[PDB]
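So this one's final02.txt, compact mmCIF, C-alpha atoms:
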# COMPACT_ATOMS: atom_id res chain seq x y z
CA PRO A 1 -30.92 9.12 39.30
CA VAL A 2 -29.55 10.74 36.17
CA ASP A 3 -28.23 7.45 34.71
CA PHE A 4 -25.69 8.52 32.10
CA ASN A 5 -27.05 5.84 29.75
CA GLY A 6 -28.10 7.97 26.75
CA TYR A 7 -27.93 9.06 23.12
CA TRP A 8 -25.96 12.30 22.63
CA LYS A 9 -26.04 14.04 19.22
CA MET A 10 -23.40 16.54 18.30
CA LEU A 11 -24.56 20.15 17.97
CA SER A 12 -21.26 22.06 18.03
CA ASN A 13 -17.50 21.51 17.78
CA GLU A 14 -14.95 24.19 18.62
CA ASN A 15 -11.15 24.52 18.10
CA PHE A 16 -11.04 20.87 17.02
CA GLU A 17 -8.43 21.32 14.24
CA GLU A 18 -5.95 23.11 16.51
CA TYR A 19 -6.61 20.33 19.03
CA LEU A 20 -5.21 17.78 16.51
CA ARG A 21 -2.38 20.24 15.75
CA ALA A 22 -1.74 20.57 19.52
CA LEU A 23 -1.51 16.80 19.92
CA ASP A 24 0.84 16.83 16.87
CA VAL A 25 -1.07 14.22 14.87
CA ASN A 26 -0.87 13.90 11.08
CA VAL A 27 -2.19 16.12 8.28
CA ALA A 28 -4.17 13.37 6.52
CA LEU A 29 -5.98 12.66 9.81
CA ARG A 30 -7.03 16.28 10.23
CA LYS A 31 -8.18 16.42 6.60
CA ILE A 32 -10.71 13.62 7.06
CA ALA A 33 -11.38 14.26 10.77
CA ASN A 34 -12.82 17.80 10.33
CA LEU A 35 -15.67 17.18 7.88
CA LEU A 36 -16.86 14.42 10.32
CA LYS A 37 -18.76 14.61 13.62
CA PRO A 38 -19.22 11.41 15.70
CA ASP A 39 -22.43 10.63 17.54
CA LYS A 40 -21.73 9.50 21.09
CA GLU A 41 -23.84 6.98 23.01
CA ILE A 42 -23.34 6.04 26.66
CA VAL A 43 -23.97 2.66 28.26
CA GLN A 44 -23.50 1.79 31.97
CA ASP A 45 -24.62 -1.42 33.75
CA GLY A 46 -23.57 -0.19 37.20
CA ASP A 47 -19.93 0.32 38.14
CA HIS A 48 -18.87 -0.45 34.57
CA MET A 49 -19.28 2.17 31.94
CA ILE A 50 -18.87 1.80 28.19
CA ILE A 51 -18.59 4.99 26.11
CA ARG A 52 -19.68 4.12 22.58
CA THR A 53 -19.08 6.44 19.63
CA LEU A 54 -20.20 5.40 16.17
CA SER A 55 -18.55 6.65 12.98
CA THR A 56 -17.81 4.45 9.92
CA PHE A 57 -14.41 6.15 10.12
CA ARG A 58 -12.32 4.29 12.72
CA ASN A 59 -14.68 3.19 15.51
CA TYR A 60 -13.93 5.18 18.60
CA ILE A 61 -15.11 2.77 21.29
CA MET A 62 -13.93 3.09 24.91
CA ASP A 63 -14.77 1.07 28.01
CA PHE A 64 -14.41 2.29 31.61
CA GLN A 65 -14.64 1.39 35.30
CA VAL A 66 -16.04 4.01 37.70
CA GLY A 67 -13.94 4.79 40.77
CA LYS A 68 -11.22 2.45 39.65
CA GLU A 69 -8.03 3.64 37.98
CA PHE A 70 -7.84 3.20 34.22
CA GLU A 71 -4.99 2.82 31.76
CA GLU A 72 -5.08 3.46 28.03
CA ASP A 73 -3.21 2.67 24.81
CA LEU A 74 -3.77 4.51 21.51
CA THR A 75 -2.11 3.86 18.13
CA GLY A 76 -4.31 5.91 15.84
CA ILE A 77 -4.70 9.19 17.77
CA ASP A 78 -1.59 11.05 19.06
CA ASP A 79 -0.33 7.59 20.18
CA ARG A 80 0.12 8.25 23.91
CA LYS A 81 -0.46 6.39 27.12
CA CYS A 82 -1.95 8.10 30.17
CA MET A 83 -3.28 7.13 33.60
CA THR A 84 -6.94 8.04 33.68
CA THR A 85 -9.36 8.06 36.57
CA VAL A 86 -13.09 8.49 35.98
CA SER A 87 -14.88 9.56 39.12
CA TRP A 88 -18.06 11.21 40.38
CA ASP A 89 -17.38 14.50 42.14
CA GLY A 90 -21.16 14.83 42.53
CA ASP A 91 -23.72 14.58 39.76
CA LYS A 92 -21.13 14.99 36.99
CA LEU A 93 -18.08 13.17 35.64
CA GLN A 94 -14.36 14.05 35.41
CA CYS A 95 -11.23 12.60 33.95
CA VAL A 96 -7.55 13.27 34.78
CA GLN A 97 -5.40 12.11 31.85
CA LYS A 98 -2.22 11.74 33.95
CA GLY A 99 0.61 12.03 31.41
CA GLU A 100 2.71 14.58 29.56
CA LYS A 101 1.48 18.09 28.55
CA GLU A 102 0.38 21.09 30.72
CA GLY A 103 -3.33 20.82 29.98
CA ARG A 104 -4.54 17.27 29.41
CA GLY A 105 -7.96 16.07 30.58
CA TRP A 106 -11.62 16.45 29.86
CA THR A 107 -14.45 17.85 32.02
CA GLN A 108 -18.01 16.60 31.86
CA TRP A 109 -21.37 17.77 33.24
CA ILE A 110 -25.03 17.77 32.34
CA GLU A 111 -27.25 20.86 31.89
CA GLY A 112 -30.57 19.02 31.79
CA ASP A 113 -30.84 18.05 28.12
CA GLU A 114 -27.36 19.18 26.95
CA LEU A 115 -23.75 18.34 27.59
CA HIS A 116 -21.15 21.01 28.26
CA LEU A 117 -17.91 19.11 27.88
CA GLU A 118 -14.44 20.65 27.46
CA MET A 119 -11.34 19.04 25.96
CA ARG A 120 -7.81 20.36 26.40
CA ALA A 121 -4.37 19.32 25.07
CA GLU A 122 -1.20 21.41 25.54
CA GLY A 123 -3.26 24.43 26.50
CA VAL A 124 -6.01 24.45 23.77
CA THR A 125 -9.51 24.17 25.22
CA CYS A 126 -11.95 22.96 22.60
CA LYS A 127 -15.63 22.39 23.45
CA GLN A 128 -18.42 20.22 22.07
CA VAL A 129 -22.02 20.76 23.06
CA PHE A 130 -24.26 17.71 22.48
CA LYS A 131 -28.06 17.35 22.73
CA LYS A 132 -29.32 14.30 24.67
CA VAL A 133 -31.81 12.83 22.13
CA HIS A 134 -33.23 10.11 24.36

Turn the structure described in the file into C-alpha cells.
Amino acid sequence: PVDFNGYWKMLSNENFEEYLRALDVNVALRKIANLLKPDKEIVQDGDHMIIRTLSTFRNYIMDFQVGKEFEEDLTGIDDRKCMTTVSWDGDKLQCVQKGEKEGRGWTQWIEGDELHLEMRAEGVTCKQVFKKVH
C-alpha cells in the first residue's frame, strides 16, 4: 500500500494570508501565523487516523476516523463547526467541510514523494506543497 503514515515537510505556502482574511480571523493571528510554517506528520493504525502537526505555536493536532463521519469544534481558528467526512475515493484522500461558505474543504493526493493539497475558504484557493521526508 501507500500507507499515509509519514513525515511531510513544508516546501511552499500560497495565498495563506488572504485565507485567514477570508475566514475573518484576527490581525494578531495573521501577524504571527505568516512567519511560521508547520511541519505535518501523519499517523494511522488502521481505520483510525491521527494528523499530527508540530509547531511550538498552538499545537495543531487533529484525530480522524476513516469512512466514518466526523464533527469538529475550533476556538482558536475562525471558530466554526462543520461536518467533515474523510474518505478514500481511490488512492487519495478528501474532506467535505459541510458548513457555511461557498468554498470550504480541502483536497489531498500524493504525487510520489510530494503532496499537492489545496485549501479553500469563501472562494480563496491556497495551496501547500510538502515533501515526504520519510

I want to know what sits within 12 Å of region 80-96 of chain A, based on all atoms listed in the file, with residues of the same chain fewer than 6 positions away left out; could you give that as a PyMOL selection string?
chain A and resi 1-4+23-25+47-51+63-74+102-112+115-121

Report the distance between CA of residue 8 (chain A) and CA of residue 78 (chain A) in Å, rounded to one decimal place.
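According to the coordinates, CA of residue 8 (chain A) and CA of residue 78 (chain A) are separated by 24.7 Å.
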
Counting only C-alpha atoms, which of A:99, A:123, A:76, A:6 gets nearest to residue 58 (chain A)?
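Of all the options, A:76 lies closest to residue 58 (chain A).
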
Residues at most 7 Å from residue 30 (chain A), counting all atoms listed in the file, excluding those fewer than 3 positions away in the same chain, as a compact mmCIF listing (two decimals) with C-alpha atoms, keeping the file's coordinate frame?
# COMPACT_ATOMS: atom_id res chain seq x y z
CA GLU A 17 -8.43 21.32 14.24
CA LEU A 20 -5.21 17.78 16.51
CA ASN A 26 -0.87 13.90 11.08
CA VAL A 27 -2.19 16.12 8.28
CA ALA A 33 -11.38 14.26 10.77
CA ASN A 34 -12.82 17.80 10.33

Would you pick out the contacts of residue 9 (chain A) at 7 Å or less, using only C-alpha atoms, so that residues sharing its chain but fewer than 4 positions from it are not included, and give the list as a PyMOL selection string?
chain A and resi 39-40+130-133

Rounded to one decimal place, report the CA of residue 12 (chain A)-CA of residue 36 (chain A) distance in Å.
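Result for CA of residue 12 (chain A) versus CA of residue 36 (chain A): 11.7 Å, one decimal.
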
To one decimal place in Å, what is the distance between CA of residue 54 (chain A) and CA of residue 98 (chain A)?
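Value for the CA of residue 54 (chain A)-CA of residue 98 (chain A) distance: 26.1 Å.
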
So which one's closest to residue 100 (chain A), A:77, A:128, A:122, A:52? Using all atoms listed in the file, please.
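Among the listed residues, A:122 lies closest to residue 100 (chain A).
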
May I have the centre and edge lengths, in Å to one decimal, of an axis-aligned box around the listed atoms of region 127-132 of chain A with 6 Å added to every side, as AutoDock Vina command-line options?
--center_x -22.5 --center_y 18.3 --center_z 23.4 --size_x 25.7 --size_y 20.1 --size_z 14.6

Output as a PDB file, in the frame of the given file: region 76-95 of chain A, completed with N, CA, C and O atoms.
ATOM      1  N   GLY A  76      -3.760   5.222  16.983  1.00  0.00           N
ATOM      2  CA  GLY A  76      -4.310   5.910  15.840  1.00  0.00           C
ATOM      3  C   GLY A  76      -4.473   7.403  16.124  1.00  0.00           C
ATOM      4  O   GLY A  76      -4.537   8.169  15.165  1.00  0.00           O
ATOM      5  N   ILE A  77      -4.537   7.813  17.379  1.00  0.00           N
ATOM      6  CA  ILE A  77      -4.700   9.190  17.770  1.00  0.00           C
ATOM      7  C   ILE A  77      -3.536   9.557  18.714  1.00  0.00           C
ATOM      8  O   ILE A  77      -3.446   8.892  19.759  1.00  0.00           O
ATOM      9  N   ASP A  78      -2.742  10.535  18.334  1.00  0.00           N
ATOM     10  CA  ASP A  78      -1.590  11.050  19.060  1.00  0.00           C
ATOM     11  C   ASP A  78      -0.912  10.010  19.958  1.00  0.00           C
ATOM     12  O   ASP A  78      -0.425  10.423  21.018  1.00  0.00           O
ATOM     13  N   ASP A  79      -0.897   8.753  19.523  1.00  0.00           N
ATOM     14  CA  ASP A  79      -0.330   7.590  20.180  1.00  0.00           C
ATOM     15  C   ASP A  79       0.437   7.859  21.495  1.00  0.00           C
ATOM     16  O   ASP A  79       1.655   7.941  21.527  1.00  0.00           O
ATOM     17  N   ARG A  80      -0.370   7.986  22.555  1.00  0.00           N
ATOM     18  CA  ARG A  80       0.120   8.250  23.910  1.00  0.00           C
ATOM     19  C   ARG A  80      -0.604   7.360  24.913  1.00  0.00           C
ATOM     20  O   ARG A  80      -1.701   6.874  24.636  1.00  0.00           O
ATOM     21  N   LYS A  81       0.062   7.196  26.040  1.00  0.00           N
ATOM     22  CA  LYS A  81      -0.460   6.390  27.120  1.00  0.00           C
ATOM     23  C   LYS A  81      -0.561   7.363  28.294  1.00  0.00           C
ATOM     24  O   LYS A  81       0.304   8.179  28.563  1.00  0.00           O
ATOM     25  N   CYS A  82      -1.667   7.250  29.005  1.00  0.00           N
ATOM     26  CA  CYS A  82      -1.950   8.100  30.170  1.00  0.00           C
ATOM     27  C   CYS A  82      -2.607   7.265  31.264  1.00  0.00           C
ATOM     28  O   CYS A  82      -3.037   6.147  31.002  1.00  0.00           O
ATOM     29  N   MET A  83      -2.682   7.814  32.479  1.00  0.00           N
ATOM     30  CA  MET A  83      -3.280   7.130  33.600  1.00  0.00           C
ATOM     31  C   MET A  83      -4.533   7.986  33.760  1.00  0.00           C
ATOM     32  O   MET A  83      -4.485   9.187  34.067  1.00  0.00           O
ATOM     33  N   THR A  84      -5.665   7.346  33.552  1.00  0.00           N
ATOM     34  CA  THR A  84      -6.940   8.040  33.680  1.00  0.00           C
ATOM     35  C   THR A  84      -7.834   7.498  34.759  1.00  0.00           C
ATOM     36  O   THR A  84      -7.976   6.309  34.976  1.00  0.00           O
ATOM     37  N   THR A  85      -8.468   8.428  35.487  1.00  0.00           N
ATOM     38  CA  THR A  85      -9.360   8.060  36.570  1.00  0.00           C
ATOM     39  C   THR A  85     -10.666   8.791  36.307  1.00  0.00           C
ATOM     40  O   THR A  85     -10.717  10.011  36.176  1.00  0.00           O
ATOM     41  N   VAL A  86     -11.740   8.003  36.226  1.00  0.00           N
ATOM     42  CA  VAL A  86     -13.090   8.490  35.980  1.00  0.00           C
ATOM     43  C   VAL A  86     -13.739   8.389  37.356  1.00  0.00           C
ATOM     44  O   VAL A  86     -13.804   7.354  37.992  1.00  0.00           O
ATOM     45  N   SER A  87     -14.244   9.531  37.823  1.00  0.00           N
ATOM     46  CA  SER A  87     -14.880   9.560  39.120  1.00  0.00           C
ATOM     47  C   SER A  87     -16.156  10.409  39.073  1.00  0.00           C
ATOM     48  O   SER A  87     -16.533  10.988  38.052  1.00  0.00           O
ATOM     49  N   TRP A  88     -16.808  10.452  40.227  1.00  0.00           N
ATOM     50  CA  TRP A  88     -18.060  11.210  40.380  1.00  0.00           C
ATOM     51  C   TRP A  88     -17.771  12.183  41.535  1.00  0.00           C
ATOM     52  O   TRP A  88     -17.652  11.818  42.697  1.00  0.00           O
ATOM     53  N   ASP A  89     -17.656  13.443  41.183  1.00  0.00           N
ATOM     54  CA  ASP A  89     -17.380  14.500  42.140  1.00  0.00           C
ATOM     55  C   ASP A  89     -18.739  14.556  42.829  1.00  0.00           C
ATOM     56  O   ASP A  89     -18.846  14.432  44.049  1.00  0.00           O
ATOM     57  N   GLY A  90     -19.791  14.742  42.052  1.00  0.00           N
ATOM     58  CA  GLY A  90     -21.160  14.830  42.530  1.00  0.00           C
ATOM     59  C   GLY A  90     -22.008  14.279  41.421  1.00  0.00           C
ATOM     60  O   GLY A  90     -21.834  13.090  41.093  1.00  0.00           O
ATOM     61  N   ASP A  91     -22.894  15.099  40.846  1.00  0.00           N
ATOM     62  CA  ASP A  91     -23.720  14.580  39.760  1.00  0.00           C
ATOM     63  C   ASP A  91     -23.148  14.957  38.398  1.00  0.00           C
ATOM     64  O   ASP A  91     -23.852  15.468  37.526  1.00  0.00           O
ATOM     65  N   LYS A  92     -21.864  14.703  38.219  1.00  0.00           N
ATOM     66  CA  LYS A  92     -21.130  14.990  36.990  1.00  0.00           C
ATOM     67  C   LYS A  92     -20.053  13.946  36.797  1.00  0.00           C
ATOM     68  O   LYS A  92     -20.067  12.941  37.512  1.00  0.00           O
ATOM     69  N   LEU A  93     -19.132  14.143  35.871  1.00  0.00           N
ATOM     70  CA  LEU A  93     -18.080  13.170  35.640  1.00  0.00           C
ATOM     71  C   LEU A  93     -16.824  13.976  35.328  1.00  0.00           C
ATOM     72  O   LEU A  93     -16.935  15.085  34.804  1.00  0.00           O
ATOM     73  N   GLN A  94     -15.658  13.426  35.646  1.00  0.00           N
ATOM     74  CA  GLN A  94     -14.360  14.050  35.410  1.00  0.00           C
ATOM     75  C   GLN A  94     -13.282  13.029  35.111  1.00  0.00           C
ATOM     76  O   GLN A  94     -13.318  11.903  35.565  1.00  0.00           O
ATOM     77  N   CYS A  95     -12.315  13.471  34.324  1.00  0.00           N
ATOM     78  CA  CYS A  95     -11.230  12.600  33.950  1.00  0.00           C
ATOM     79  C   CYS A  95      -9.865  13.311  33.973  1.00  0.00           C
ATOM     80  O   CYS A  95      -9.706  14.373  33.365  1.00  0.00           O
TER      81      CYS A  95
END
